Structures are given as C-alpha cells and as structure tokens.
Amino acid sequence: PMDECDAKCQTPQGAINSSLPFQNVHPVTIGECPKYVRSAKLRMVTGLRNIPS
Amino acid sequence: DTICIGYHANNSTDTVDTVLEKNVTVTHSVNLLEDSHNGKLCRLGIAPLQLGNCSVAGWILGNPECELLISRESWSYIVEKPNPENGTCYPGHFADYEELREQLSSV
Amino acid sequence: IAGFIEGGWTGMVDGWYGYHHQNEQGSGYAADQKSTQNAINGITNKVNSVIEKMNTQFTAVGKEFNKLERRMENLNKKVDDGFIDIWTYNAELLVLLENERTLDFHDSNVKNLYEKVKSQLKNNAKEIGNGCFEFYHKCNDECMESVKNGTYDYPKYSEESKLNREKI
Amino acid sequence: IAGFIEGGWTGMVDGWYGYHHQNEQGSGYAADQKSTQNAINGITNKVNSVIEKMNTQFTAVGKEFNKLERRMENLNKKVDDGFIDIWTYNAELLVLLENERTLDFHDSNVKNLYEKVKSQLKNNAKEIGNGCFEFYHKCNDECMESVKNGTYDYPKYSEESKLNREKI
Amino acid sequence: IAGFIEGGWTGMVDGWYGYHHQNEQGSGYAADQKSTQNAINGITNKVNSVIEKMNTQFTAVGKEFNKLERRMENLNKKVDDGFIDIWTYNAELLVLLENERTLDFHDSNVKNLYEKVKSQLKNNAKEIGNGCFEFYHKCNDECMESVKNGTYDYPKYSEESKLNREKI
Amino acid sequence: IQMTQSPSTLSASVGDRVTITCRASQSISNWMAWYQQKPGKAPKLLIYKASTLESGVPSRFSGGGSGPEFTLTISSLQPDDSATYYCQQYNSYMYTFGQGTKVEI
Amino acid sequence: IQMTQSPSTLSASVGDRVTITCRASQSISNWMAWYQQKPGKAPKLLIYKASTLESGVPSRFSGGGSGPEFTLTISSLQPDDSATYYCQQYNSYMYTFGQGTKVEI
Amino acid sequence: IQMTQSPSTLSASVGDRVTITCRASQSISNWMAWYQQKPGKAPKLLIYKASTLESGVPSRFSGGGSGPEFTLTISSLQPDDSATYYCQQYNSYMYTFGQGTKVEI
Amino acid sequence: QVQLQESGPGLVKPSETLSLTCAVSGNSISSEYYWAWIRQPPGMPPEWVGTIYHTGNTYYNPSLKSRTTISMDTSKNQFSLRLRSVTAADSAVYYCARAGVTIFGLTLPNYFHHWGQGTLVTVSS
Amino acid sequence: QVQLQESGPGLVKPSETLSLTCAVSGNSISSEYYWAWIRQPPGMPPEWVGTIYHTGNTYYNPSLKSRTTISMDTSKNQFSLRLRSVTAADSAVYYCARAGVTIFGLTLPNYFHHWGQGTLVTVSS
Ligand SMILES: *[C@@H]1O[C@H](CO)[C@@H](O)[C@H](O)[C@H]1NC(C)=O
Ligand SMILES: *[C@@H]1O[C@H](CO)[C@@H](O)[C@H](O)[C@H]1NC(C)=O
Ligand SMILES: *[C@@H]1O[C@H](CO)[C@@H](O)[C@H](O)[C@H]1NC(C)=O
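This is how it looks when you write it as structure tokens:
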C-alpha cells in the first residue's frame, strides 16, 4: 500500500533506511540506495574480544 | 599491593569473522548490511504514480475503466500491478512500449 | 589481547581498558579514561569513514527489453552481475581485513598501556606474568592514583622498594 | 624476521618456528608446535577467504554486433575494459598488501615466541643478541622440555642461577 | 611516534630517524643512515606500486544517443556512475588505510631503532623516559660513533659502568 | 582541575550569532558538555562529547573545539534562550562545572 | 596425556547416523586423527587435522570439534563399517592413541 | 671503507656495450654514484642512488646492482665518451671515491 | 522514559544528618546506569556530590567524601543520600540525575543526561 | 605409490634382542618423509614405538626409549628396529609406517598416512 512516508531509496517490497553502505533486500531498487551484495551478514567489530572468566 | 592491567568483557555472544579466524566472540559489533524494509511505498521526494488495476498502456491511452486516476500531476516513479488486468482493452501491439515506459517513469 | 593477559574483566564497566588495584584500603576496578576515549574516537572515525564514503546518485537499476533485444538484456545483466560481484567481494574482504585491524588495534592499546605502566615502575615493582605488578613498597590510594594518572614519582619510593627487593 | 634473529634454520624440518638447545646431553632442532599450527590455521583461513569469497554466476562475456551498431560495441568494450582494469588493480594491490601482512604476521609470531620464552627466564638466563639465551644453571632435557612446553619453574633454579649471576 | 618520544626534531635535517649525543666534546644531531634509506626505499616502492599498477587502454567514455534511445542512455549512465562510485570509494578507502599503514611503518622504524640501541647498552646506560639513555661511563666521540654504527663493545665499558651503577 | 568560561555576562539581540568559550586546566579529554539552566529549573544537557547533540535539542546549538579550548555557538538566537550556560567535564572520577554565562536579549 | 573415547562398544542398523566422541587431556592442538582398523589388517587413516578427509576415503565419514572434544560422524552406515575406530593425537614428540570403538550392524 | 673499480683501462669501438663494476667494502647502502670526468674539467654526476639518472644525462648510461656490487652500463657508445668514470659512495659522514676507468675508442 | 523524583525534609537543623531519597520509574537502578546527586547553592554553579553504579560502586566528591554516603535499595528503585554535619553552607537545591551514555556497547559515566526536579534544603532554626 | 614391507623373526626367545626391518619402494627414506614403528598387542590399542627422520633424527616412545633403537640404511631403502630385553608382553603385531604430511611446503609428523602389513612377533619357547 502507498503511504505518505518519506524515504531515499525504494525496493519493490518496501523502502530502505539508506544509512548503511550495503543491502541485500533486493537487486532492483530505485533512488539513491545502498549497494546490493550477495552476503548474509557483514558485521564489523567495534568492541574487543569477549573472553569472560 | 598489586595493580593489574586488563580489558573489558561483558555477557554478549556476538560473533564476527576476521581473516585469520572465524566465529570470534566480540564485545560489540555493527551491522553494515541492511536486510529489512518497512513494507510500504514511501515518497521519493514526491509521491509515486499509483495506477492500481491499470498499466501504463491503459493509463496513457485513457482506459474507460481507469478514469479515476487521471488527475495526478508530476510524480517520482510509477507503481504498477504485477499483472495489470486492465491494459489495452482493444487488442493490439504498442510500438516502442518499453521505451515509453522509460520516458514516463518520472516527469 | 589473549597472550600474557589471558582473561577479560566483567566487573569493569567504565571503559575498555583499565586497572585493578589490591591495597590495604580496598580493591577496585578503575578505568584508564584517556586510552578508552582515544580508542572510541578511533573506532568512531573508522566506522564513519567506512559508512559515509559511499556517496550514491539517483539511479534505477531496472530496465525492460522486448524479445528482439536480448543482446541488450544480456549486456545489462552482465553489467549488474559484475557490479554485484565486485561489491560483494570488496565488502567481504574489507570487513575481514578491518576486523583483523580493529582487533590488532585493541591489542596494541592494551600492550601500550602495559608498557606505559611498566616504564614508571622501573624496579619498584616486579612483573608477575598474568599482566600484573607487585610493588616492593606500600602503594596507598594516592600512590595508585598517581600510577594510573601518569605522574608516579620513582625517587620517592626508590629506596623503600630497593631495600625490599634486596631483602628477597 | 630479519632483525635481531638474522638467520633462518635449514635443519629444523618440523615446523615454521621452534627452538635449538645446546646441552651436555646433546643438541637438537625442536619445534614449537602450538605456534606453527596456529600459523598454519591462520594462513589456511587467509587463503581460503581470498579464494572462496569469489562467487560467480554463469555468464558469457562475448557479444557480436553488426556494422551499424558500433556505439553498442564500444559500450560493451568499455564495460569489459573497465571490469578488467578494476579487477587487475584490485588483485595486484591486494596481493601486495596481503604479502606484507603475512610477512608481518610471521615476524610477530617469531617475536611473540621470543618474548614468551624471555618472560619465563626472568634472570636465570642472559640474552646473547642473536636470539639466544645462556642459562646460569644446568638445564637438562627435563628443564629444556619444560621451557619449550611453557611450565618452566623459576623458583626451582632461582638461587642456583643467582649465585652464577653474581659470580661474574 | 607520539608515545614515549613525544617530540620531533627540527635541527636534524639529514634523515628521518637519527640520534642526538651530549658529550664533553660537543652536541650534535646525527642521523641513522641505514634506517632512513630503508624507509625511503620502502616509501618509494609503495608510491610506485600505487601509481604504476594502473594500466589503462585507449578509451572514449562519451557516447551520444538520440531521443528514442533513452534505455541505452540510462544504461551507459549507470555504467559510468557505477565505475565512478567504485573508483571513488576504493581510492578514498585505500588512501586512508595506506596513510595509517605508513604512519605505523614510521612508528615501527623509530621503535626498532630504539630497541636496537637499547640492546647494545644492556646495563651500561639507564633509560630516562623521553627516549634517551644516560651512560654510566664516559662515551667519547669514538664510543658514540660505535653506538650509532652498531659495533658497541659492552665488555670494554662493562666494569667502568658497573661501578658507577652500583655507586648510586 | 580549573575550568574558566567566558564571557561571564552577555547581552545580544535576536538573530545574533553568539559564542561562549570554555577552557580546561588539563587536556586529558577532548570532550566537554554544555548545560542550559533556566531560572527555577534543573539544567538540561545540550552538547556532550564536545560535539554531539542531545536528543530533543534545537539544531542551532553547536559545539566545537578540542584539547584545552571548546566553544558553544548559537546561530539564530531566540527569545527563550535567556538562561545560564554551563560547561562541564568529567576527567578521572570528578565532574567539574564551569561558571555560567548569562544570556539576555 | 590421557585420551578417552566413547562409547566403547556400539551396535547400529544400516542407515543410522553414528557419532563417536574423543576427549584429550591437554588442548594444545586443535587437531585429531581417526583410524579404521578391520580385524587382521593395519589401520587406515580417515580424518586428519580434526577435519581433513584422507584421499580415497568415502565422503560419509566426517570429523569435527576442537579444543578438548572432537567427534567422528558417519551419516549413511554400510555393512562394511564393522571395524574398530581409533582417535589419535600427536602433541609434542609423542603419539597417543585412544581406545577403540567397535561398531556392529 | 675500500672501493674497488674494475677494469682500470678500457678500449672499445663505437657501438660497443661496455660495463664497469664497482665493489664496496661495507654494504650499509644500496646506493652508489657515477661521475664522468673529461680531461681538464670537473666531474659530472650521471647516476645516483645506484639507479637514478641525473637530469640532462643521455639515456644510454644506466646503473644497476645493490649490496656489495654495482654496475654502470653504456649501450650505444659515442666518440665523446672518452673520459674517466668514478664510482662514489657516502656511508656515514664520509664520501669515498673509487679509482677511475679510462674509456677509449 | 526515565522519571526521577526526590523527597526529603526541606528544613534541617545544623550539625545533624541530612537524608534525601530519589525514586526512579521507567528504569532499573541495580541493572544498567549510574545515579548521582548534584547540588547547587543559590547563585552558584552546580556541584557534583556523588554517584552510585548499578554494581553498587560509590564515588564521592573529594571535598564532601567524608560526610557523604550514597545507598541503594535493591528491592524498589530508590537511592538515598546521607550528608552529615550540615552547616548553613549546605542550604542549596539538590538534584538526582542519571549518568551514563552507551556507545559501542560501553556505558560511560561522563555526563548527566536526565535530571530530577530539585528539592531546596534550607539549614535554619 | 609408496609400498612398505616388514621382515623379521616371528618367534623370539625371552631376554634376547629383537630385530625387524622395513623396506620401502616408491620413495626415498633418506630424502623426504619420516618413518615409524607402531606395535599393537592382541586386543589393545596401537602404540607408537619410534620414528626416524629423513635427516637421521630418531625419537622414541618414552616407555620404550631405553631398549629401542631405530636405524637407517642410506644405501637401499631400509629402516630397522632393534628392541632389546624382550618379555612375553612384547608379543604383538608390528607395523612400519610413513609419517608426514606436506602443507604450505612444510612437512608435519602428526599422523601415519601409509602403513605396512604387520608381522606378528610371538615371545615363547
Ligand atoms: C594528574 O595528571 C594531570 C594531567 O597532567 C596533572 O596535571 C596532575 O598534576 C596530576 N594529578 C594527580 C593528583 O596525580
Ligand atoms: C606440559 O604442558 C602441558 C599443557 O598445559 C601441561 O599439562 C603439562 O603438565 C606439561 N608437562 C610437562 C612434562 O612439561
Ligand atoms: C662500522 O660498521 C661497519 C659496518 O659493519 C664495520 O665494518 C666497521 O668496522 C665499523 N667501524 C667503526 C669505526 O665503528
């Protein structure tokens, strides 16, 4: 359904918050959208190694 | 009396993959991949054209059963049904139809 | 790190790197504020550089071709698939290499803190091996605060630690 | 490494990093097994990540155009040449940077082994400079095996090494 | 570096890394020639590899389409914009990462020089903390030149430094 | 630790671009916080980490600087800006507040 | 070094997914080896490095685990699998074998 | 520091590819310099850093080698090449020149 | 979503203890953040009095550390301040605040992000 | 492509030396890999006896170290085991095997990849 929401990109299933560089929702997008990749997850570590006693 | 140097540990179980190892438990992690959508057709600066039961061929030709949505002014993109039931009511071939769809995709 | 300091701390919630002093007045899990804010600034810069360097223009990546223009369709498919391959390979390799770099960065921060503390305690303390330093004198809360601050005066405790060191 | 340990060993065929003990019972080229398997696992992961992250779909990169469609031919040629340029530049730079990283990785492994041995031998041995440690006591095969294993007991040989240290 | 050696030198114009000796004969800002030419060779190789690995063929990236071929025009625009995006992102990230690597390289060179000097002066000198070493003997110009050269004979000054060390 | 904030008092018409400067005795943090206290009420944090804007804070407030000197800038002044502004810093286990800067239309 | 392998004896019908567990006293290696010895014959290595398959070995055999615990798994059992399975580890200059696990249809 | 340049004397026809070898006592530099001195005139640097060509120098001159041994090569000899060629090295705070080689048509 | 409410006697005689209590809603004070007391004399800058961690760790202002004590109620969301030996200089507005900001999974005690309402303590007879 | 064949006396009297010889074909035993002896008592797990490197380095089982000796013939492909002071507990199947796997240009002695056939040594009279 069409809503009055605002977005930068648009996927044929629903808009995307284009704050991240990559996306795997759909290849065919419209508007300035993140780059499509064939990965299931791209986690970038920010903390350190978790080794509790 | 002793003073010891150490580092932070918490109760998280997030895992990350480096180049020399796999499945490393980390204190925090940030997702660089967006894998979700809101399920709604939002506005791309402007509101997209909403054809509903019609196609571009039926809308631009003025389908008799499509007269409701002929008031929309400039838009941002076109939204169409996957298989529009109401296109060219009279059978025929639309010349350069995929070119017209590209011309009219945003006015 | 996972070498000479093999265990993390759960009771230190302030910062990423810190201290732990045992004393006649009490124990506690202090934090080294300068190092953890420097690390936070570095990681913030790293994440923002990875994310914000991607400037993209308005594009529609979908095209429609009829049944007599399949060379065009395959050329467009080749373009799309090549871009996807390049971006996927680059993103995965970049994430792996940057995770390695970040873990090495935290390793370097911990080791630099260790050597920073070791330099001040020339021979007024002895290394134990887990990452710890046992004093030859009585380091009260003022002395411990000086050690964590970076203004530990070696000559003040030099002879008091020297007699203890030569005792054993 | 090529710094304070300037020479490699040809007589050690077991592992990448290891030891060499001279003793009243005999000499030998032992290997540090944990470090070399950790390095082998790391390099295996590195090579497999470089190779296996390249997932490619079924494509035919060749197209045919007649003599009235040269704009299309030049567009296809531009696509092909741009992809080749990107892949060539990325592959060469990646190989160079990863070779540097791998050599630094091996250097770090050797240095970490050196510091790990040095920590156990606090002052029961003296550094020679080439990468070697001369004991102040008699380290038999049991003692050498303990040093290589990681359970070298300093207090057992502490006074015997201390008297030798103060003798000279 | 910006850690235990917190200040750069403006009066040393010969090389990137060097020494500074205070002596009864005079002071001066000498340079360590081997390390600075090794660094210059490394940086030259790095810059030449970054620049010269880009081999490009003869291309014209501009095309002209009429008013009935807008799918072609948008496909060409997508190709051009995708190539620009890839090259911009890769170039910026590469420059950032290589700047970090180069600064770490210079840091490693300075630290390696520091440990190289420290190894020769086992206990004939004491670390002061800024990056400096105070001798327990009289190091004249011959001795200083030997230290900078790498052939500093510890046994020659060993006992003369030992008596001074035990005096205080 | 001593914290000096200038100017102590300020008067400026609506629309003026105002700037308050805070100086810290020791530069072990690159971070400072700004509070806006209106009379009879509790302070309200506006800027933290010397640059970050708190949620619900108008965008005209901004922070900058580092090391020993930090600045709080208001671009388009409003009649409701009459309050006392404080600069605060947490260094080791101590929170030090700077003397206020009264702002009047 | 002590090596414990369980279960000592085991019977299972054809097609059963069987699993044998080996535990090592010291975890200085992430690697373990699996041998299959049939009566009257020499052992035949199946798994090495705790995951790698030897050449000529059927794919149904697999290995997993690390640290102190490793597992050998057979997915689709066959009538020729009746043999004794051994877990072995080389630690410093010593090869330690674990007690076998007899498998019967 | 001792520098040996060989061969001491050389005669070669026009178009000959000639090569001069310089050896240094200590390999603390990968760099060497080549000067061409014609009779009655000052030397003129041709090669520095053991490979770099000085500005204004013809391309036929080239330098190579490293460590203890370096080479100067002239591909297409010219009648104006009759001069004495010197190899020089700056090691710590000393410039050492090697004995020349005379080139004749 | 965090609400803090102070409560205590507005009039305290000199040389007698001084007890205040802050109750928290919308948050658990034995779980996540840090909780602090801040006082402000009339016509003066705010002064930090003390802080208690969610782990039970208390850090006091060095000038007031001897006479201050911050306690927590691990049954209901309450933390209390017990300032002893109260002179006329203690007459001030008292506030309870939540210190702690979470970035990269780490909570830093740098700043007070939510404040109470402020109870005025007057030391007079 | 490696074939190992054992040979020795199947009957050995007690308190006398015990000599076996393994011959190798398809490989050079003074060049590349490691060569080991493994014994198995009836109804027990295998036991490693010793190993000789291609460089002439010998490593023995600590329990059997005192009375074992592994030698090599640098003329033809043969390595021999000399187990002394033999009791009834030595009656077992003996195997000669090739230890060593090459990864990243490094040969590791971890496992025995090729085995012999197995000669049964019975200690009786
Ligand atoms: C702590 O370090 C600061 C920063 O340099 C210094 O100014 C101050 O004197 C030190 N104070 C104490 C109490 O250690
Ligand atoms: C060798 O190290 C291992 C691993 O921790 C330990 O269990 C064992 O006691 C040590 N043994 C000897 C003989 O050094
Ligand atoms: C300086 O170092 C060089 C290079 O190894 C060595 O040959 C020479 O003897 C040294 N000379 C002096 C005077 O230190």
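Residue numbers (the deposited numbering), protein chains in the order written: chain A, 273 to 325; chain B, 11 to 83, 83A, 84 to 95, 95A, 96 to 115; chain C, 6 to 173; chain D, 6 to 173; chain E, 6 to 173; chain F, 2 to 106; chain G, 2 to 106; chain H, 2 to 106; chain I, 1 to 35, 35A, 36 to 82, 82A to 82C, 83 to 100, 100A to 100H, 101 to 113; chain J, 1 to 35, 35A, 36 to 82, 82A to 82C, 83 to 100, 100A to 100H, 101 to 113. From the three backbone atoms N, C-alpha and C, an ideal C-beta is built for every residue, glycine too.
Candidates the options: closest to residue i by CA position
{"i": "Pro-44 (chain H)", "options": "H:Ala-51, H:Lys-50 and H:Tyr-36", "result": "H:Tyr-36"}
{"i": "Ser-65 (chain J)", "options": "J:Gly-106, J:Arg-81 and J:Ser-87", "result": "J:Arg-81"}
{"i": "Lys-39 (chain F)", "options": "F:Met-33, F:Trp-32 and F:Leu-47", "result": "F:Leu-47"}
{"i": "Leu-78 (chain G)", "options": "G:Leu-54, G:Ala-13 and G:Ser-7", "result": "G:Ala-13"}
{"i": "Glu-69 (chain D)", "options": "D:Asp-112, D:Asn-81 and D:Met-59", "result": "D:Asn-81"}
{"i": "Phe-138 (chain E)", "options": "E:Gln-27, E:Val-66 and E:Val-18", "result": "E:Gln-27"}
{"i": "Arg-310 (chain A)", "options": "C:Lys-167, C:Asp-86, C:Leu-101 and C:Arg-170", "result": "C:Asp-86"}
{"i": "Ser-19 (chain J)", "options": "J:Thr-67, J:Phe-100H, J:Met-43 and J:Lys-75", "result": "J:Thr-67"}
{"i": "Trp-32 (chain H)", "options": "H:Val-58, H:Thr-53 and H:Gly-101", "result": "H:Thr-53"}
{"i": "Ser-9 (chain F)", "options": "I:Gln-3, I:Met-43, I:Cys-22 and I:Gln-1", "result": "I:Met-43"}
{"i": "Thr-110 (chain I)", "options": "I:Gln-39, I:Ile-99, I:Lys-75 and I:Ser-70", "result": "I:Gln-39"}
Residue environment, residue i, which counts as buried when at least 16 other CB atoms sit within 10 Å
{"i": "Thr-83 (chain J)", "result": "exposed"}
{"i": "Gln-27 (chain G)", "result": "exposed"}
{"i": "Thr-49 (chain E)", "result": "exposed"}
{"i": "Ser-60 (chain F)", "result": "exposed"}
{"i": "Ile-10 (chain C)", "result": "buried"}
{"i": "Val-89 (chain J)", "result": "buried"}
{"i": "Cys-305 (chain A)", "result": "buried"}
{"i": "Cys-97 (chain B)", "result": "exposed"}
{"i": "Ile-302 (chain A)", "result": "buried"}
{"i": "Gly-155 (chain D)", "result": "exposed"}
{"i": "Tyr-59 (chain J)", "result": "buried"}
Spatial neighbours of residue i in its chain, beta-carbon cut-off 6 Å, leaving aside the 5 residues before and after
{"i": "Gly-20 (chain E)", "result": "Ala-36 and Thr-41"}
{"i": "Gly-106 (chain J)", "result": "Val-89 and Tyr-91"}
Alpha-carbon spacing of residue i relative to residue j, whole angstroms
{"i": "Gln-90 (chain H)", "j": "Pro-69 (chain F)", "result": "50 Å"}
{"i": "residue 233 (chain D)", "j": "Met-149 (chain E)", "result": "Nothing about residue 233 (chain D) can be read from this structure; chain D reaches only from 6 to 173."}
{"i": "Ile-37 (chain J)", "j": "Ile-45 (chain D)", "result": "27 Å"}
{"i": "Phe-62 (chain H)", "j": "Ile-75 (chain H)", "result": "5 Å"}
{"i": "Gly-134 (chain C)", "j": "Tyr-159 (chain E)", "result": "29 Å"}
{"i": "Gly-64 (chain G)", "j": "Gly-16 (chain G)", "result": "18 Å"}
{"i": "residue 5 (chain C)", "j": "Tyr-94 (chain F)", "result": "Given a span of 6 to 173 for chain C in the structure shown, any question on residue 5 (chain C) remains unanswerable."}
{"i": "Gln-77 (chain I)", "j": "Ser-83 (chain F)", "result": "34 Å"}
{"i": "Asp-90 (chain C)", "j": "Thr-107 (chain C)", "result": "25 Å"}
{"i": "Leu-63 (chain I)", "j": "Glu-132 (chain C)", "result": "37 Å"}
{"i": "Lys-50 (chain F)", "j": "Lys-127 (chain E)", "result": "45 Å"}
Rounded Cβ spacing between residue i and residue j (contact assumed at less than 8 Å)
{"i": "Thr-64 (chain E)", "j": "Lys-83 (chain D)", "result": "6 Å"}
{"i": "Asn-129 (chain E)", "j": "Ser-163 (chain E)", "result": "7 Å"}
{"i": "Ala-7 (chain C)", "j": "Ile-323 (chain A)", "result": "7 Å"}
{"i": "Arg-321 (chain A)", "j": "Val-36 (chain B)", "result": "7 Å"}
{"i": "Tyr-86 (chain H)", "j": "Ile-21 (chain H)", "result": "6 Å"}
{"i": "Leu-54 (chain B)", "j": "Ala-312 (chain A)", "result": "In fact, because the Cβ distance is near 28 Å, the residues do not count as touching under 8 Å."}
{"i": "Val-100 (chain C)", "j": "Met-316 (chain A)", "result": "6 Å"}
{"i": "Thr-57 (chain J)", "j": "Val-18 (chain D)", "result": "So it is not a contact: roughly 14 Å between Cβ atoms."}
Beta-carbon proximity list for residue i, same chain, < 8 Å, skipping 5 on both sides
{"i": "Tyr-17 (chain B)", "result": "none"}
{"i": "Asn-43 (chain D)", "result": "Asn-114"}
{"i": "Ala-95 (chain I)", "result": "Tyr-33, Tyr-34, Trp-35, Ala-35A, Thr-50, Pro-100E, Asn-100F, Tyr-100G, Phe-100H and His-101"}
7 Å Cβ shell around residue i - same chain, five flanking residues per side excluded
{"i": "residue 177 (chain C)", "result": "Beyond the ends of chain C as shown, which are 6 and 173, falls residue 177 (chain C); an answer cannot be given."}
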